[PDB]
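Source file: coords-v4.pdb (PDB, C-alpha atoms)
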```pdb
ATOM      1  CA  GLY A   1      54.883-116.106  88.876
ATOM      2  CA  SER A   2      53.865-112.474  89.544
ATOM      3  CA  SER A   3      50.318-112.245  90.899
ATOM      4  CA  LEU A   4      50.942-115.660  89.390
ATOM      5  CA  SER A   5      51.177-113.774  86.114
ATOM      6  CA  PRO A   6      54.558-113.845  84.278
ATOM      7  CA  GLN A   7      54.798-110.119  83.602
ATOM      8  CA  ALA A   8      53.675-106.674  84.600
ATOM      9  CA  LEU A   9      52.299-105.288  81.364
ATOM     10  CA  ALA A  10      53.565-101.900  80.350
ATOM     11  CA  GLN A  11      51.243 -99.056  81.233
ATOM     12  CA  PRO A  12      49.504 -97.639  78.162
ATOM     13  CA  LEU A  13      51.232 -94.596  76.727
ATOM     14  CA  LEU A  14      49.889 -91.539  78.505
ATOM     15  CA  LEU A  15      49.220 -88.913  75.872
ATOM     16  CA  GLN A  16      47.165 -85.747  76.251
ATOM     17  CA  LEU A  17      46.092 -82.764  74.169
ATOM     18  CA  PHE A  18      45.183 -79.245  75.276
ATOM     19  CA  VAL A  19      42.480 -77.622  73.160
ATOM     20  CA  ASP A  20      40.181 -74.605  73.324
ATOM     21  CA  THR A  21      37.197 -76.465  71.873
ATOM     22  CA  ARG A  22      38.216 -74.977  68.519
ATOM     23  CA  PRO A  23      37.487 -77.175  65.461
ATOM     24  CA  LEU A  24      41.168 -76.999  64.541
ATOM     25  CA  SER A  25      41.972 -78.863  67.753
ATOM     26  CA  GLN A  26      39.257 -81.395  66.993
ATOM     27  CA  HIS A  27      40.736 -81.285  63.516
ATOM     28  CA  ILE A  28      44.269 -81.977  64.680
ATOM     29  CA  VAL A  29      42.797 -84.418  67.188
ATOM     30  CA  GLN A  30      41.631 -86.618  64.332
ATOM     31  CA  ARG A  31      45.117 -86.346  62.890
ATOM     32  CA  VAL A  32      46.588 -87.236  66.270
ATOM     33  CA  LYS A  33      44.142 -90.089  66.799
ATOM     34  CA  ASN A  34      44.550 -91.188  63.184
ATOM     35  CA  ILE A  35      48.346 -91.214  63.385
ATOM     36  CA  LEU A  36      48.538 -92.825  66.818
ATOM     37  CA  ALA A  37      45.962 -95.400  65.776
ATOM     38  CA  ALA A  38      48.190 -95.865  62.747
ATOM     39  CA  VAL A  39      51.072 -97.208  64.834
ATOM     40  CA  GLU A  40      48.868 -99.518  66.899
ATOM     41  CA  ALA A  41      51.527-101.810  68.362
ATOM     42  CA  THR A  42      51.292-104.028  71.441
ATOM     43  CA  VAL A  43      51.311-100.821  73.465
ATOM     44  CA  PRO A  44      48.264 -98.657  72.647
ATOM     45  CA  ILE A  45      48.347 -94.968  73.563
ATOM     46  CA  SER A  46      45.735 -93.206  75.682
ATOM     47  CA  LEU A  47      44.615 -89.893  74.201
ATOM     48  CA  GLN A  48      43.029 -87.514  76.692
ATOM     49  CA  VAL A  49      41.988 -83.947  75.904
ATOM     50  CA  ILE A  50      42.292 -81.150  78.434
ATOM     51  CA  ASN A  51      40.106 -78.071  78.098
ATOM     52  CA  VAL A  52      42.429 -75.128  78.723
ATOM     53  CA  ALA A  53      39.288 -73.063  79.276
ATOM     54  CA  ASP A  54      38.394 -75.443  82.088
ATOM     55  CA  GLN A  55      41.798 -75.644  83.770
ATOM     56  CA  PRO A  56      44.319 -73.007  82.601
ATOM     57  CA  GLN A  57      46.214 -73.591  85.833
ATOM     58  CA  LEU A  58      47.945 -76.780  84.703
ATOM     59  CA  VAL A  59      48.500 -75.148  81.316
ATOM     60  CA  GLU A  60      50.635 -72.464  82.928
ATOM     61  CA  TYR A  61      52.315 -75.160  85.002
ATOM     62  CA  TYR A  62      53.596 -76.683  81.781
ATOM     63  CA  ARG A  63      54.341 -73.147  80.660
ATOM     64  CA  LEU A  64      51.841 -74.302  78.067
ATOM     65  CA  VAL A  65      50.586 -70.988  76.692
ATOM     66  CA  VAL A  66      49.943 -72.001  73.081
ATOM     67  CA  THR A  67      46.926 -73.885  71.747
ATOM     68  CA  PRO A  68      46.221 -76.262  70.435
ATOM     69  CA  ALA A  69      48.983 -78.320  72.018
ATOM     70  CA  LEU A  70      49.865 -81.918  72.863
ATOM     71  CA  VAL A  71      51.860 -83.212  75.825
ATOM     72  CA  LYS A  72      53.163 -86.718  76.477
ATOM     73  CA  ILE A  73      53.513 -87.605  80.154
ATOM     74  CA  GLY A  74      54.795 -91.160  79.753
ATOM     75  CA  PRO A  75      55.781 -93.718  80.141
ATOM     76  CA  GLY A  76      59.302 -92.423  79.527
ATOM     77  CA  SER A  77      60.436 -88.795  79.448
ATOM     78  CA  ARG A  78      57.977 -85.921  79.127
ATOM     79  CA  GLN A  79      57.563 -83.859  75.964
ATOM     80  CA  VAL A  80      55.491 -80.888  74.813
ATOM     81  CA  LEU A  81      54.201 -80.611  71.252
ATOM     82  CA  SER A  82      52.391 -77.464  70.146
ATOM     83  CA  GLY A  83      51.920 -74.980  67.332
ATOM     84  CA  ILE A  84      49.525 -76.661  64.907
ATOM     85  CA  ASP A  85      52.704 -78.661  64.280
ATOM     86  CA  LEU A  86      51.607 -81.389  66.686
ATOM     87  CA  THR A  87      51.131 -83.775  63.759
ATOM     88  CA  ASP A  88      54.572 -82.940  62.404
ATOM     89  CA  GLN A  89      56.226 -83.062  65.809
ATOM     90  CA  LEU A  90      54.082 -85.996  66.933
ATOM     91  CA  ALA A  91      54.919 -88.104  63.884
ATOM     92  CA  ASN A  92      58.563 -87.251  64.527
ATOM     93  CA  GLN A  93      58.272 -87.605  68.292
ATOM     94  CA  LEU A  94      56.227 -90.802  68.086
ATOM     95  CA  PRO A  95      59.073 -92.833  66.528
ATOM     96  CA  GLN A  96      61.358 -91.479  69.239
ATOM     97  CA  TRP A  97      58.833 -92.661  71.814
ATOM     98  CA  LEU A  98      58.630 -96.191  70.446
ATOM     99  CA  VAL A  99      62.364 -95.996  69.829
ATOM    100  CA  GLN A 100      62.575 -95.139  73.518
ATOM    101  CA  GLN A 101      66.253 -95.599  72.696
ATOM    102  CA  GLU A 102      68.945 -94.427  75.079
ATOM    103  CA  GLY A 103      68.099 -90.964  73.758
ATOM    104  CA  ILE A 104      71.859 -91.088  74.161
ATOM    105  CA  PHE A 105      74.150 -89.640  71.480
TER     106      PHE A 105
END
```
Rewrite the structure from the file as structure tokens, please.
Amino acid sequence: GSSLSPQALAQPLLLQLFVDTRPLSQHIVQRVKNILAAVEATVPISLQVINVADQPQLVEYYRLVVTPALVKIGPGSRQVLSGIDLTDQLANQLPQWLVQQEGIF
């Protein structure tokens, strides 16, 4: 079938985190990594950190003015988690991500 392969595998979940090199971010990072790595699943997530001090231009693009902060780009809809509540929002947002349910009402 496909490239002779029977399926285009889903693209790993694109997850990122904006930090200011502050321990808290590295702190929350562990929490983020720990939680994400806690859901494993057949679809692993890719955690990439963005140094706001290195590129504050994209931060403003996402109106992202608070740090630390986390932002999911996909697959699926985009979301912005910030306010040291990333772990609270993430844990709550994660399920919604996997539940990628017709976010419909």
Query - Output of the PyMOL selection byres ((chain A and resi 66-75) around 10), listed as a PyMOL selection string - result: chain A and resi 10-22+24-26+28-29+32+45-52+59-60+62-65+76-87+89-90+93-94+97+100
Query raised in the report: Which distance in Å separates atom CA of residue 99 of chain A and atom CA of residue 8 of chain A, to one decimal?
Result: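 Computing the Euclidean distance for atom CA of residue 99 of chain A and atom CA of residue 8 of chain A yields 20.2 Å.
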Report task. Measure the distance from atom CA of residue 41 of chain A to atom CA of residue 7 of chain A in Å and round it to one decimal. Result ->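 Separating atom CA of residue 41 of chain A from atom CA of residue 7 of chain A is a distance of 17.7 Å.
Atom CA of residue 30 of chain A lies 22.3 Å from atom CA of residue 55 of chain A.
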What are the centre and the three edge lengths of an axis-aligned box that wraps all atoms of segment 75-86 of chain A in the file, given that 5 Å is added to every side, written as JSON and rounded to one decimal in Å?
```
{"center_x": 55.0, "center_y": -84.3, "center_z": 72.2, "size_x": 20.9, "size_y": 28.7, "size_z": 25.9}
```
Working from the structure I just supplied, which lacks atoms in segment 21-44 of chain A, can you model N, CA and C atoms there and output them as a PDB file, keeping the file's coordinate frame?
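Result file is part-v1.pdb:
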```pdb
ATOM      1  N   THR A  21      38.488 -76.106  72.451  1.00  0.00           N
ATOM      2  CA  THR A  21      37.197 -76.465  71.873  1.00  0.00           C
ATOM      3  C   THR A  21      37.105 -76.008  70.418  1.00  0.00           C
ATOM      4  N   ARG A  22      38.194 -75.446  69.901  1.00  0.00           N
ATOM      5  CA  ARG A  22      38.216 -74.977  68.519  1.00  0.00           C
ATOM      6  C   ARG A  22      38.292 -76.156  67.551  1.00  0.00           C
ATOM      7  N   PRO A  23      37.529 -76.101  66.492  1.00  0.00           N
ATOM      8  CA  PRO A  23      37.487 -77.175  65.461  1.00  0.00           C
ATOM      9  C   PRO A  23      38.883 -77.630  65.048  1.00  0.00           C
ATOM     10  N   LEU A  24      39.802 -76.678  64.931  1.00  0.00           N
ATOM     11  CA  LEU A  24      41.168 -76.999  64.541  1.00  0.00           C
ATOM     12  C   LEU A  24      41.742 -78.061  65.474  1.00  0.00           C
ATOM     13  N   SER A  25      41.492 -77.900  66.771  1.00  0.00           N
ATOM     14  CA  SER A  25      41.972 -78.863  67.753  1.00  0.00           C
ATOM     15  C   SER A  25      41.309 -80.207  67.492  1.00  0.00           C
ATOM     16  N   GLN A  26      39.994 -80.178  67.295  1.00  0.00           N
ATOM     17  CA  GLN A  26      39.257 -81.395  66.993  1.00  0.00           C
ATOM     18  C   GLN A  26      39.741 -81.914  65.650  1.00  0.00           C
ATOM     19  N   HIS A  27      40.203 -80.976  64.832  1.00  0.00           N
ATOM     20  CA  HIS A  27      40.736 -81.285  63.516  1.00  0.00           C
ATOM     21  C   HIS A  27      42.055 -82.029  63.685  1.00  0.00           C
ATOM     22  N   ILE A  28      42.968 -81.392  64.410  1.00  0.00           N
ATOM     23  CA  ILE A  28      44.269 -81.977  64.680  1.00  0.00           C
ATOM     24  C   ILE A  28      44.099 -83.245  65.509  1.00  0.00           C
ATOM     25  N   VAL A  29      43.070 -83.256  66.352  1.00  0.00           N
ATOM     26  CA  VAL A  29      42.797 -84.418  67.188  1.00  0.00           C
ATOM     27  C   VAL A  29      42.636 -85.651  66.313  1.00  0.00           C
ATOM     28  N   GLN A  30      41.842 -85.514  65.257  1.00  0.00           N
ATOM     29  CA  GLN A  30      41.631 -86.618  64.332  1.00  0.00           C
ATOM     30  C   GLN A  30      42.969 -87.050  63.764  1.00  0.00           C
ATOM     31  N   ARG A  31      43.793 -86.063  63.427  1.00  0.00           N
ATOM     32  CA  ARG A  31      45.117 -86.346  62.890  1.00  0.00           C
ATOM     33  C   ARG A  31      45.942 -87.084  63.936  1.00  0.00           C
ATOM     34  N   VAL A  32      45.863 -86.610  65.175  1.00  0.00           N
ATOM     35  CA  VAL A  32      46.588 -87.236  66.270  1.00  0.00           C
ATOM     36  C   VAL A  32      46.079 -88.658  66.477  1.00  0.00           C
ATOM     37  N   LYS A  33      44.763 -88.788  66.606  1.00  0.00           N
ATOM     38  CA  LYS A  33      44.142 -90.089  66.799  1.00  0.00           C
ATOM     39  C   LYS A  33      44.411 -90.999  65.603  1.00  0.00           C
ATOM     40  N   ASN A  34      44.328 -90.428  64.406  1.00  0.00           N
ATOM     41  CA  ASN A  34      44.550 -91.188  63.184  1.00  0.00           C
ATOM     42  C   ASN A  34      45.985 -91.703  63.107  1.00  0.00           C
ATOM     43  N   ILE A  35      46.937 -90.837  63.428  1.00  0.00           N
ATOM     44  CA  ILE A  35      48.346 -91.214  63.385  1.00  0.00           C
ATOM     45  C   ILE A  35      48.668 -92.233  64.471  1.00  0.00           C
ATOM     46  N   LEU A  36      48.279 -91.922  65.704  1.00  0.00           N
ATOM     47  CA  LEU A  36      48.538 -92.825  66.818  1.00  0.00           C
ATOM     48  C   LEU A  36      47.910 -94.183  66.543  1.00  0.00           C
ATOM     49  N   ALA A  37      46.662 -94.166  66.090  1.00  0.00           N
ATOM     50  CA  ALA A  37      45.962 -95.400  65.776  1.00  0.00           C
ATOM     51  C   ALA A  37      46.602 -96.059  64.565  1.00  0.00           C
ATOM     52  N   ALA A  38      47.517 -95.338  63.925  1.00  0.00           N
ATOM     53  CA  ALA A  38      48.190 -95.865  62.747  1.00  0.00           C
ATOM     54  C   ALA A  38      49.403 -96.701  63.146  1.00  0.00           C
ATOM     55  N   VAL A  39      49.912 -96.467  64.352  1.00  0.00           N
ATOM     56  CA  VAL A  39      51.072 -97.208  64.834  1.00  0.00           C
ATOM     57  C   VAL A  39      50.644 -98.407  65.676  1.00  0.00           C
ATOM     58  N   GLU A  40      49.381 -98.421  66.086  1.00  0.00           N
ATOM     59  CA  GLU A  40      48.868 -99.518  66.899  1.00  0.00           C
ATOM     60  C   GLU A  40      49.951-100.034  67.841  1.00  0.00           C
ATOM     61  N   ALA A  41      50.480-101.217  67.537  1.00  0.00           N
ATOM     62  CA  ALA A  41      51.527-101.810  68.362  1.00  0.00           C
ATOM     63  C   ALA A  41      50.923-102.533  69.562  1.00  0.00           C
ATOM     64  N   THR A  42      51.756-103.290  70.271  1.00  0.00           N
ATOM     65  CA  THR A  42      51.292-104.028  71.441  1.00  0.00           C
ATOM     66  C   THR A  42      51.119-103.088  72.628  1.00  0.00           C
ATOM     67  N   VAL A  43      51.431-101.814  72.416  1.00  0.00           N
ATOM     68  CA  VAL A  43      51.311-100.821  73.465  1.00  0.00           C
ATOM     69  C   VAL A  43      50.482 -99.634  72.985  1.00  0.00           C
ATOM     70  N   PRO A  44      49.185 -99.740  73.080  1.00  0.00           N
ATOM     71  CA  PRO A  44      48.264 -98.657  72.647  1.00  0.00           C
ATOM     72  C   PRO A  44      48.432 -97.395  73.488  1.00  0.00           C
TER      73      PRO A  44
END
```
